[PDB]
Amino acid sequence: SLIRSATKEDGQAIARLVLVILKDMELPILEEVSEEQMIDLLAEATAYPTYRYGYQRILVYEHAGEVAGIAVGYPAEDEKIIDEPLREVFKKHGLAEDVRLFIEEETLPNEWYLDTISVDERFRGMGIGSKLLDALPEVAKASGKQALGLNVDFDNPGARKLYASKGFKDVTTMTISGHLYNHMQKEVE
């Protein structure tokens, strides 16, 4: 029902969705910090313009006036600065600043890079991811980028078919933390 860019008040909702990703990565920080505290830390980092999951980097899909899914991405040149805000928030809260997060080696030069499309578990099976993805060319374009890019795991040929059908084309191959990926791009107006 509504697609809009995230606001500062979408912090907790974005943080809940991001928690799912962390931990699916099995980040060791989740053994040391409770879920509730991790959500608070993430939400606070959300308020930084440059954060990986900063609201300014995020498109929201609103279903029944509630955050149902988010699409998150950034210019490729921003990849080395995106995790700094979360390290700053950790330092503020007395935690070690050098928590293991993402390996920052996944983009190609000159794309708007799609980091994640995440759909709330309560709203699966409703087309939300695929609609968020339809909205993304205009985001790349407004960013001055002529390519929108992404990585799909080799063992996700279903997702890869989905992106193919939306105009994405295989461009390279990457290995990140043992997993192999197809890097795909779609040209933008």
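When you see a residue number, it is the position in the sequence shown, counting from 1.
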- Task: Output the stretch having the higher mean C-alpha B factor in the entry; the candidates are 86-94 and 106-114.
- Result: 106-114
- So 22-30 or 66-74, which one's hotter by mean CA B-factor in the entry? 22-30
- Residue, from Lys141, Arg122, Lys131, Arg57, that the PDB entry assigns the highest Cα B-factor: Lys141
- Pull the Cα B-factor of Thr175 out of the PDB entry and bin it into the chain's lowest, middle or highest third. highest
- Query: Going by what the PDB entry lists, where does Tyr48 fall on CA B-factor within its chain: lowest, middle or highest third?
  - Reply: middle
- What third of the chain, by the recorded C-alpha B-factor, contains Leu2? middle
